[PDB]
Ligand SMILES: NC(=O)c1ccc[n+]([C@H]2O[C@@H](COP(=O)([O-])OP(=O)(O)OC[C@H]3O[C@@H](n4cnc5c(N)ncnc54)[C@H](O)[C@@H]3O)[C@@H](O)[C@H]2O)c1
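Here you get one chain, nothing else, as structure tokens; it is the form deposited without ligand NAD.
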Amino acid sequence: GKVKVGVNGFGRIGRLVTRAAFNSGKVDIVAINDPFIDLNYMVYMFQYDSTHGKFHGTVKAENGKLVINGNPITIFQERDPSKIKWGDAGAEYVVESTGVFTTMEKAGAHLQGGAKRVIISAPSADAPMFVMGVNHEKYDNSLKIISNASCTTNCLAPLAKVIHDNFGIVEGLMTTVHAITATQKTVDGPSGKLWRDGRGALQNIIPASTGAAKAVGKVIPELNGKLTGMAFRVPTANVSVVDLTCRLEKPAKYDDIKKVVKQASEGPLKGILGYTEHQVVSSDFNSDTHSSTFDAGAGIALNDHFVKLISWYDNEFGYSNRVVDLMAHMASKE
């Protein structure tokens, strides 16, 4: 009864989503589209990974199809999304991960090819946004084009939801120390709009602006206009962290915050929000599937109404697993 999924784009997010789908088994990948990557290169790129290690399984090419663990996958090389024959391959859901089709009008071209629903693995200007464990109960089958927001938003939303439900956030500012991404450059090089983003990634911290904190207001309507922040890009492979400073409506000692966060991570947000009291560092969360992990020992509170909270997140694996979970929930809602 597992839904059939097609993936548009074999970049980092697409490859990691395919890996998560094959590791968990919640969905079945049946088609992939990439106009610039051939079959043998696809096999090479899927087999080896610098950050997450060698794939645990078998991958090979046979009769022009990518075979992963014995399951053949159809390969397309179309540049126009409306010309991809998703229906012929049997793909019911399509994951749009290229990062250039984010509006509803642009992302709706996949429906012309026979797909039933489209999931955008990035922030969208007009498509509805859903975060697993926060507002995923709001989804309905009436929706064909939705969005899974972003990694930073997926890390910030559950902790913010717990804190707001228990103590009433009045206003907060967020800072995230983020690992390097594919949009950056090894050495000083041209960068059209963001001049800072063109500087050498290995030698600098390159501050940056982000909209995840604002998008939390879209995910949680009561927090609209009460959050915002920025980011710093450090020369680290993948693991990233979130730092939230907020003012609370009700008094809250740090012990009470720890207790409520642990209780939330146990029952309701199990597998989404983690909790740890150990002396962890960034590399301890490599290949971790949690959306966010609360670091009890790293935070600090000035008084009962002004605190700073720290949460870790693997911006590669966690987001891909969340995408797979959202697709599984959508299939169950059918």
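Throughout, we count residues from 1 along the sequence that is shown.
One more form of this protein exists, namely the form solved in complex with ligand NAD; it is left out here, but the text below deals with it.
Residue heavy atoms within 4.5 Å of ligand NAD in the deposited bound form occur in exactly one stretch of 67-75, 164-172, 122-130, 135-143, and that stretch is 122-130.
Heavy atoms of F10 reach within 4.5 Å of ligand NAD in the deposited bound form, making it an interface residue. Although the partner is absent here, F101 is a contact residue: one of its heavy atoms lies within 4.5 angstroms of ligand NAD in the deposited bound form.
Put simply, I205 is far from ligand NAD in the deposited bound form: not one heavy atom of it is within 4.5 Å. Taking the partner from the other structure, ligand NAD in the deposited bound form has no heavy atom within 4.5 Å of any heavy atom of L194. Checking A301, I37, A296, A61 for any heavy atom within 4.5 Å of ligand NAD in the deposited bound form turns up a single hit: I37. Interface residues of 167-204, taken as those with a heavy atom within 4.5 Å of ligand NAD in the deposited bound form (partner not displayed), are limited to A182.
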